[PDB]
Structure formats: C-alpha cells, structure tokens
C-alpha cells in the first residue's frame, strides 16, 4: 500500500529576501525537500533536490548562482544515493515528477533510466529559454538530456492523476515559476497531503504576510496560494510548505 517519504538534499544558504521579498538582507538557511512515493504500481520521485554534484563541486556544477544560493549537502543526500541505501535501485523508479525545473528541484532528472519525467510543457519550454533574471536558476546539465523520456503536460491537464487512482495529482500553481505545480497526495492512513512546494515557501507565504523573493508572476503566485487555500479547506489536507525551516522539523522526515 502506498507511502510518502520526505527527504532533504541538505540546505541552501541565502538571504531572507530571497525567500520573503524585500524582507531584509540577513543570512538565512532553508531545507531542500524532495519526496518518494512507494506505490504497488511503481515508485515515484518528486524533484530529487539539489544535484548530488553539488555535494562535491557546487561552483563547478551550478556556477555563479552559488553566490546567491549556497548548497550545503553531503554526497549521501543525493537522491540516487539516499534511495540505494533505502533499498530502491535507480532502475526501480517508474516516474519522476517535477514541480518545476529550478536548480534545487532537478537532482533527479535523468538519474532514473526507466523513469518517465512529468512536468508542465511551459516549464520545460521556459527552462530551455529563460529570461536573464531566472537563467541562473536553471541548470541545463540536469534537465537538458536527450536520453530522458518526458511527459509534458498541457494547460488542460490540471489535476493530472499519475496512476489514475487519486494517489498523486498535479495541482498547477503558476507564479513562482511559469510551469510550477504543487501536488495533492492521498495516502490510506494519513489521508490527503498537500505538497505546496514553491507555491508557498513558508507559513508566512500561506498566510499572505510574505511574497516569494523569486518569482515569474506575482499575480499568479498569490492566486495560486488562494487556489491552495480552497483546496486545503475542501480536503482537510496536511499542508507541507516548500522551504520552511521552522515548520520542516515538525513533519515526518
């Protein structure tokens, strides 16, 4: 029966303003979550965190963006590595799901050779052709790989049900990135779990006391938060914020 495991590729060191827009220039540190869903029909990885290469050579693999987001992580936190130790070989992953293609969410891409990769077309298309302000958050060595099998979702695909049994559904949440998606999970014992990912970094974002410090569209981002508000109230879901260093320890990790 299906289960949800919450992992973390270490942390990112940045400023408060990168998380909470115009909030200040103090140092600040955030977890990098990623998720595994074990399912009778196959295992699912969501995003995979920062690329394992960041544990050894961040400046070489990410480049100048490291002056903004410094990744603090060990080699064994790499998604492939963490999974091997957990007992799942890279070949035993049926799906990689992507909320979006930012640099702390593409560690899984191409690392699971049998996995279909599911993401919004417009995220893939923006990733390949970013604007200058966001070009550094997209690592082509992660997501630009000819060997990858992609399922690129269209605008009408909101709610896409990965297995067709309501276990995992994409919940489109544009704004933080053009093709950003959250996920609604339904587990037999826990019930519904809402993975906001970067549609709501922190409880302050969810409560409309902060704007994301990086974003493609503020108009979409705040409407997407309210869309999640309605979804959380309808389902009673447990809400998991994308990058909340105060709430992250309170969940099952």
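Residue numbers count along the first chain shown, from 1.
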Quick one: say whether 105-113 or 172-180 has the higher mean Cα B-factor in the deposited entry. 105-113
Out of 30-38 and 51-59, which one has CA B-factors that are higher on average in the deposited record? 51-59
Which of these, 89, 157, 131, 123, has its C-alpha atom at the highest B-factor, as the entry lists it? 89
Looking at 140, 74, 98, 151, which has the highest CA B-factor as recorded? 74
Considering only modelled residues of the same chain, in which third does the CA B-factor of residue 207 rank: lowest, middle or highest? middle
Residue 190: C-alpha B-factor third of its chain, per the entry, is the middle
By the entry's values, the third containing the CA B factor of residue 236 is the lowest
Position of residue 219 among the chain's modelled residues by C-alpha B-factor, lowest, middle or highest third: lowest
Mind checking which third residue 119 falls in for C-alpha B-factor across the chain? lowest
